[PDB]
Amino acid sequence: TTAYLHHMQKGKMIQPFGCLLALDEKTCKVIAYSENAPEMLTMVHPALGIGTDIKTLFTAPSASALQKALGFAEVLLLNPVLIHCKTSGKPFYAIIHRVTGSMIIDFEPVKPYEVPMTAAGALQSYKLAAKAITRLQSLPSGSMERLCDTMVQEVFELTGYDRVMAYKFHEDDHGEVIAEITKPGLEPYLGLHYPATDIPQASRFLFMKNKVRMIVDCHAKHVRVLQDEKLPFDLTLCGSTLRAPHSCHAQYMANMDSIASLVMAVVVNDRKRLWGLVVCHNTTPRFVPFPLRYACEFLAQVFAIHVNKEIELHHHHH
């Protein structure tokens, strides 16, 4: 069963669009790093390895903000942090989460001349999502079809992907594409049913906790995460924004002409279950910044509430 989960947490591979550090929960020093992190974060005991102090990597407001995060509980972390590398000023969004023993930081590059617009762009992303949420709210109740069609249209406009689908899980765990919008000319997948095994339990289980997942390029060469072999626990990457897709799925995307994807879990009663996914595909590589993904998380949460109301209301009328 869960030889799948072993590889999906302890696989130690990330997507190369960003890099990863894990810091010790007490010393704040590097205990693990992706192999691309030296070249991404430094110009260059190298400049970056096990035991590196982050005060040597980043400017003082940047390192200061990460040191302070080492003091904050998980739910109290406000992401992302805007960080600059020492000397170069090279900027990244740092997205922080905690595992037992460690603070994990995903670093996603930002275009330097866009740094002045970071707050502006984050507000605009959430504003657009918030407007989408008001349009979901004003929909007349009583039609799951209208709700799902509206949601895929909103996600399509917000995210700019080639294809957006609502993928519903049936009682037997097989899935169905129940709503879809594409750029003109693409073949539809609307209506198609797919076996339970296309989306393994481990992936469904992960979606309960990791609610938005982005794959930038299914063909990109994955990068290993190295950790001190004496670290008294294994570092899991299930929470990382950068976690590489399992090679099977990477192959699956290749076969389907989805080079890129963005997937939002739809969890009702967040008893709790995965109702389905909002699945975005792109024909070419696609990156969208963490603020938009964050705004999409809330949109998906509101959608799930409305989904569950439509279920209740058609459970009642019958």
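Throughout, rigid core stands for the largest set of C-alpha atoms superposing within 1.5 Å between the two forms. Numbering starts at 1 and runs along the sequence shown.
- Of the two stretches examined, 80-88 and 195-203, the one with higher mean CA deviation in 5 other deposited structures of this protein after a rigid core fit is 80-88.
- Larger average C-alpha displacement in 5 other deposited structures of this protein, relative to the shown form after a rigid core fit, is seen for 46-54 when comparing 46-54 with 279-287.
- Omission of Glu39 is seen in none of the other entries compared for this protein where the adjacent residues are built, far below a third.
- In every other compared PDB entry of this protein that covers both flanking sides, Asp257 is modelled, so it falls short of the one-third threshold for missing coordinates.
- In the deposited entry, the stretch joining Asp270 to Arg271 is interrupted by 10 or more residues of the deposited sequence lacking coordinates.
- In the deposited entry, the stretch joining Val44 to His45 is interrupted by 4 to 9 residues of the deposited sequence lacking coordinates.
- When the mean C-alpha temperature factors of 254-262 and 276-284 are read from the deposited coordinates, 254-262 comes out higher.
- Looking at 14-22 and 297-305 together, the entry lists the larger mean B-factor for 297-305, computed on C-alpha atoms.
- Listed residues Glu157, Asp173, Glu108, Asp217 were ranked by CA B-factor as deposited; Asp173 comes out on top.
- Note on the listed residues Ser143, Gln153, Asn79, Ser125: the highest Cα temperature factor in the record is that of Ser143.
- When the modelled residues of the chain are ordered by C-alpha B-factor, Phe233 sits in the highest third.
- Among the modelled residues of its chain, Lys183 has a C-alpha B-factor that falls in the middle third according to the deposited record.
- Compared with the other modelled residues of the chain, the Cα B-factor recorded for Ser102 ranks in the middle third.
- In the PDB entry, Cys248 places in the highest third of its chain by CA B-factor.
- Per-chain ranking of the deposited C-alpha B factor places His84 in the lowest third.
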